[PDB]
Amino acid sequence: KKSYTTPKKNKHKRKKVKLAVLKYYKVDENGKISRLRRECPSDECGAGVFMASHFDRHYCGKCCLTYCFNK
Amino acid sequence: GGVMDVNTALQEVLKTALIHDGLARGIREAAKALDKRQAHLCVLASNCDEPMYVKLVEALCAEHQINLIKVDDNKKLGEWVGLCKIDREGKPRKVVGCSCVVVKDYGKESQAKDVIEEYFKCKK
């Protein structure tokens, strides 16, 4: 039960990198949508959530412990 | 509720579909909702953001079931939902807009609230 001494590195947490909100769709024409990244074929997922464009990887943020495609 | 305006229609639809948990506020919850088969109404406003989303919302509702009812002044429909419930209307704490709202299956079971669509199916 004695006081703490000056550290060497201490730093708390990352800063939640501030990406733009939503640019996952592009139009060829109004009412003719295109999708850059594929929607994940998952049952628990409602088929409306997207995947990371992580070339050499495909990562679904919902299933945070499985379902990653390696190409 | 109201006198079947293009504006009082939302004023009776909101204050009601929040208890249905329908109001997928923001643009991202809205997109996630209407990308599925749930959407039954959409809204917009002026372009206080990038001009590329007014393309996208119109395009997505057009793809499956267009119901866009464009009512300007984002802050208006913002005041119509807030965060939730009320403190004041003169509320400097948290009053910001929504710029898009998507209702699910036109909300809780209801009477005159349906008449919005009984009106605006044919005139459009």
# chains A, B, ... in the order shown; residues from 1 in each chain; ligands from 1
>>> residues_around(residues="residue 58 of chain A", least_positions_apart="5", cutoff="12 Å", atoms="only C-alpha atoms", output="ChimeraX atom specification")
/A:37-40,50-53,63,66-71
>>> select_by_dssp(residues="chain A", states="strand (DSSP E)", output="list in words")
residues 25, 26, 27, 28, 29, 32, 33, 34, 35, 58, 59, 68 and 69 of chain A
>>> write_last_selection(atoms="N, CA and C atoms", output="compact mmCIF listing (two decimals), in the first residue's frame")
# COMPACT_ATOMS: atom_id res chain seq x y z
N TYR A 25 -22.47 1.54 -51.09
CA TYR A 25 -23.19 1.39 -52.36
C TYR A 25 -22.77 2.43 -53.39
N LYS A 26 -22.82 2.09 -54.68
CA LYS A 26 -22.68 3.04 -55.81
C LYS A 26 -23.76 2.81 -56.85
N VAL A 27 -24.24 3.87 -57.49
CA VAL A 27 -25.26 3.78 -58.55
C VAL A 27 -24.61 3.80 -59.94
N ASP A 28 -24.98 2.85 -60.80
CA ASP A 28 -24.80 3.01 -62.26
C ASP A 28 -25.84 3.98 -62.83
N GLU A 29 -27.05 3.92 -62.29
CA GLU A 29 -28.15 4.86 -62.51
C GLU A 29 -29.02 4.90 -61.25
N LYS A 32 -30.57 1.66 -60.07
CA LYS A 32 -29.70 0.54 -60.47
C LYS A 32 -28.42 0.55 -59.64
N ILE A 33 -28.53 -0.02 -58.44
CA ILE A 33 -27.49 -0.11 -57.42
C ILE A 33 -26.40 -1.12 -57.81
N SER A 34 -25.17 -0.86 -57.36
CA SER A 34 -24.04 -1.79 -57.32
C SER A 34 -23.44 -1.81 -55.91
N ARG A 35 -22.84 -2.93 -55.51
CA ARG A 35 -22.35 -3.16 -54.14
C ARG A 35 -20.87 -3.53 -54.19
N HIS A 58 -11.50 -11.72 -45.71
CA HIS A 58 -12.88 -11.25 -45.75
C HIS A 58 -13.46 -11.41 -44.35
N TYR A 59 -13.82 -10.30 -43.72
CA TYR A 59 -14.08 -10.27 -42.28
C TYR A 59 -15.46 -9.68 -42.03
N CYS A 68 -14.42 -16.17 -41.64
CA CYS A 68 -13.52 -15.31 -42.39
C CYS A 68 -13.05 -16.05 -43.63
N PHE A 69 -13.14 -15.39 -44.78
CA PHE A 69 -12.71 -15.97 -46.05
C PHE A 69 -11.36 -15.40 -46.45
>>> residues_around(residues="residue 84 of chain B", least_positions_apart="4", cutoff="10 Å", atoms="only C-alpha atoms", output="ChimeraX atom specification")
/B:15,18,79-80
>>> interface_residues(of="chain B", to="chain A", cutoff="9 Å", atoms="only C-alpha atoms", output="count of residues only")
18
>>> closest_residue(among="B:4, B:112, B:98, B:122", to="residue 44 of chain B", atoms="only C-alpha atoms")
B:98
>>> closest_residue(among="B:43, B:71, B:96, B:116", to="residue 1 of chain B", atoms="only C-alpha atoms")
B:116
>>> closest_residue(among="A:65, A:1, A:14, A:60", to="residue 42 of chain A", atoms="only C-alpha atoms")
A:60
>>> residues_around(residues="residue 119 of chain B", least_positions_apart="2", cutoff="12 Å", atoms="only C-alpha atoms", output="ChimeraX atom specification")
/B:3-6,9,112-117,121-124
>>> write_last_selection(atoms="N, CA, C and O atoms", output="tab-separated table (two decimals), in the first residue's frame")
chain	number	residue	atom	x	y	z
B	3	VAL	N	-54.90	16.60	-39.62
B	3	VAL	CA	-55.89	16.98	-40.62
B	3	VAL	C	-55.38	16.49	-41.98
B	3	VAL	O	-55.72	17.06	-43.02
B	4	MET	N	-54.60	15.41	-41.98
B	4	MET	CA	-54.04	14.73	-43.15
B	4	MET	C	-53.27	15.67	-44.09
B	4	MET	O	-53.60	15.84	-45.26
B	5	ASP	N	-52.23	16.31	-43.54
B	5	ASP	CA	-51.30	17.11	-44.33
B	5	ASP	C	-50.23	16.20	-44.93
B	5	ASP	O	-50.25	14.98	-44.79
B	6	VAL	N	-49.27	16.82	-45.63
B	6	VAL	CA	-48.03	16.13	-45.96
B	6	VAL	C	-47.04	16.17	-44.81
B	6	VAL	O	-45.99	15.53	-44.89
B	9	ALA	N	-49.04	14.16	-41.07
B	9	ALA	CA	-49.05	12.72	-41.28
B	9	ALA	C	-47.90	12.07	-40.50
B	9	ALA	O	-48.08	11.15	-39.72
B	112	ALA	N	-56.82	6.09	-37.81
B	112	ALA	CA	-56.65	7.22	-38.73
B	112	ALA	C	-55.21	7.40	-39.24
B	112	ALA	O	-54.98	7.90	-40.34
B	113	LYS	N	-54.22	6.92	-38.49
B	113	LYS	CA	-52.79	6.91	-38.87
B	113	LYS	C	-52.52	6.22	-40.21
B	113	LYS	O	-51.58	6.57	-40.91
B	114	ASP	N	-53.35	5.27	-40.63
B	114	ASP	CA	-53.22	4.61	-41.95
B	114	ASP	C	-53.59	5.53	-43.13
B	114	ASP	O	-53.13	5.35	-44.25
B	115	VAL	N	-54.44	6.53	-42.87
B	115	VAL	CA	-55.07	7.37	-43.90
B	115	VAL	C	-54.04	8.17	-44.72
B	115	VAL	O	-54.32	8.55	-45.85
B	116	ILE	N	-52.81	8.31	-44.23
B	116	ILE	CA	-51.67	8.86	-44.97
B	116	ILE	C	-51.47	8.16	-46.31
B	116	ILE	O	-51.21	8.79	-47.33
B	117	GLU	N	-51.63	6.84	-46.32
B	117	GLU	CA	-51.39	6.01	-47.48
B	117	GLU	C	-52.69	5.92	-48.29
B	117	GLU	O	-52.68	6.04	-49.51
B	121	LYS	N	-51.29	7.16	-51.97
B	121	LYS	CA	-51.02	6.10	-52.94
B	121	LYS	C	-51.42	6.53	-54.34
B	121	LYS	O	-50.74	6.21	-55.32
B	122	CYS	N	-52.53	7.27	-54.46
B	122	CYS	CA	-53.10	7.56	-55.78
B	122	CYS	C	-52.58	8.86	-56.37
B	122	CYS	O	-52.38	8.93	-57.59
B	123	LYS	N	-52.36	9.89	-55.55
B	123	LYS	CA	-51.93	11.18	-56.06
B	123	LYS	C	-50.50	11.18	-56.58
B	123	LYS	O	-50.12	12.10	-57.31
B	124	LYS	N	-49.70	10.19	-56.21
B	124	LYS	CA	-48.30	10.13	-56.64
B	124	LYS	C	-48.14	9.26	-57.88
B	124	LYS	O	-49.01	8.46	-58.21
>>> residues_around(residues="residue 42 of chain B", least_positions_apart="3", cutoff="6 Å", atoms="only C-alpha atoms", output="PyMOL selection string")
chain B and resi 67-68+101-102
>>> write_last_selection(atoms="C-alpha atoms", output="PDB file, in the first residue's frame")
ATOM      1  CA  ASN B  67     -42.248   5.412 -50.484  1.00  0.00           C
ATOM      2  CA  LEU B  68     -40.049   8.505 -50.143  1.00  0.00           C
ATOM      3  CA  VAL B 101     -36.446   7.836 -40.877  1.00  0.00           C
ATOM      4  CA  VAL B 102     -37.788   4.400 -41.845  1.00  0.00           C
TER       5      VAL B 102
END
